[PDB]
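One chain is shown next in structure tokens, namely the form deposited in one PDB entry.
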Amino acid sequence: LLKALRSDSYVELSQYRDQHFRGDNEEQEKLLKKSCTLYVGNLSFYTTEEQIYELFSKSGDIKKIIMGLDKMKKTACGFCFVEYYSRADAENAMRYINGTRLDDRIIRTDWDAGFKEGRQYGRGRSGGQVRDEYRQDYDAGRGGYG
């Protein structure tokens, strides 16, 4: 074994950490490092569960996909969760699907500690995702302005 050949940067944990996560940081990472669930960001509002299934199945069999919804309008707000049956399949989505297109948008994947009720809603004051509260630009696939 060689350190250089073991390199797997795409599978490394990101800097994100659920602040609402009922638990310690060391514990949240403990779950992230064995998770088979991924958070997917920057999705178009008209991106469907079917399209996410077609794309993410290229790295393995999907157990469940939970679309992110506006805590008020209860509509797709631009993100989702994808759970795989095995860790290896989630990793290949992190290595090869992450950073590629879905509806002509570059999507981002990140390890997730595990789904829970309520985590599928936008924590944004307006209902959608937090990030949309600050964006200045006009995103046709995100409703427009912030």
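When you see a residue number, it is the position in the sequence shown, counting from 1. Only residues modelled in both forms are compared. Basically, rigid core = biggest C-alpha set you can superpose within 1.5 Å across the two forms.
Just so it is clear, the following notes concern the form deposited in another entry, a form of the same protein that is not shown.
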Does residue 10 move appreciably between the shown form and the other one, meaning a CA displacement of 2 Å or more on the superposed rigid core? no
Shown form as baseline, in that other deposited form, CA residue 22-residue 10 shift of 3 Å or more puts them closer
Which way does the C-alpha gap of residue 41 and residue 22 go in that other deposited form, closer or farther, given it changes by 3 angstroms or more? closer
Segments of at least three residues whose Cα atoms shift by 2 Å or more between the shown form and the other one, after superposing on the rigid core: 14-25
